[PDB]
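One chain follows as structure tokens, the form deposited in one PDB entry.
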């Protein structure tokens, strides 16, 4: 019984207390980490002991086996050495050999005083002259299988990190990705800021909460767009923010209501500048992690074959309106709001037995046509969908040569959006929504020509760590109790 094992250990904790031994001592003076231990002593010869060097080392006992030789696994920082407790090397003054090492269970945190060496079998080991209990583990830890089907991976992420080596590697990579992005932006002149997480006016339903001092209801931000643009007016010409945004909608495998975004604004940047930034960032980010531009991705899970994703630039550019016509052998033109055009779009959706969006707005229909007919055109390499109609992007600047369109771009990997960008509409007389109030007033003080860009960091982490669910890249995903 896990229940009964917990009570035995808890009684042991009192038992130790009433023998005068504190099972939770204050401080152990460590000399060296486990990863530093492995590097420093990996190339010794087999069976060799460095008996003069005395080290203080800590770690988590992860495996216990045995009659006067005791073997443990000691793990720290995702790496592992062996503990070889020899009765001959023990300091019999500190207590009975057997009594000390019989109390120890898998999962215990211990401090060890000892010397480094390799086994006769060549396993690099610490040879304890003394071993102190530093913090007991009171439950039975599980082994790997316990954490494959269940969702305690998500409710008890600390157990996952201890048991599954890959989980650590996933979450190191996530941190490496964000470091690379921050460094990539800082090296190019960009300036990182923080804008508010609550605002008075907030596409998506907001999180709402009551602010007790102002006696007002506030909204968690759904993006960082408006405050960053104001900083462009203010003269910070390259500005960005990495932080959480919130959309109070349904969960699925690539949608978490709270997620991590990077948005930047680049004054005097145009469409080519933005395309170039996107190809440089992804191609260099992949190479930095993997030493190659090609990665394998299990688009349909580990039970199915992976596809290969090639991040070698340049990436294809697919114009959305033109492409929908070609694959559908249709012609969609004029006001796309034209009921005529709408009907062509609506009849395409029913002929191919697709869901009709409610309401059947021209922007919603075009999006639906793109997810079915364009968004899975390539899967072997990322690509852009470009030049969306103005009705789908009311904040975007008009395309320079094609009427009705914008210079917008969207990057896709395996049919999922990861990057969104366009040049900004800066003539206040043509921004329809200026019939948020602060942004319109700021526009009248002069916004230079500007490009904005946003990245979805969780999804980017999913592809580069071969995950299909967003919960596998968020440390503590929010679940019902």
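Numbering follows the first chain given and starts at 1. Between two forms, the rigid core is defined as the largest C-alpha subset superposing within 1.5 Å.
Where coordinates are absent for parts of the deposited sequence, a chain break appears; between neighbours residue 435 and residue 436 it spans 10 or more residues. Per the record, residue 202 and residue 203 are separated by 1 to 3 deposited residues that are missing from the model. Of the two segments examined, 4-12 and 471-479, it is 4-12 that shows the higher average Cα temperature factor in the deposited entry. Two stretches are in play, 17-25 and 461-469, and the higher mean C-alpha B-factor belongs to 17-25. Note on the listed residues 217, 165, 237, 258: the highest Cα temperature factor in the record is that of 217. Across the options 450, 442, 53, 420, the residue with the most elevated CA B-factor in the record is 53.
For residue 190, the recorded CA B-factor ranks within the lowest third of the chain. Only modelled residues enter the ranking. Per the deposited record, the Cα B-factor of residue 210 falls in the highest third when ranked against the other modelled residues of its chain. Split the chain's modelled residues into thirds by C-alpha temperature factor. Residue 307 is in the middle one. Placement of the Cα temperature factor of residue 394 within the chain: middle third of the modelled residues, per the deposited record. Looking at the C-alpha B-factors along this chain, the one for residue 412 belongs to the lowest third.
Only in words, not in the display: the form deposited in another entry, which the text now covers.
In the core-aligned comparison between this form and the one not shown, the C-alpha of 347 is the only one from 248, 292, 183, 347 that shifts by 2 Å or more. Shown in the overlay between this form and the one not shown, fitted on the rigid core, is a CA shift at residue 283 smaller than 2 Å.
Superposed on the core, the two forms differ at residue 362: its CA moves 2 Å or more between this form and the one not shown. Once the rigid core is overlaid between this form and the one not shown, residue 338 counts among the residues whose Cα shifts by 2 Å or more.
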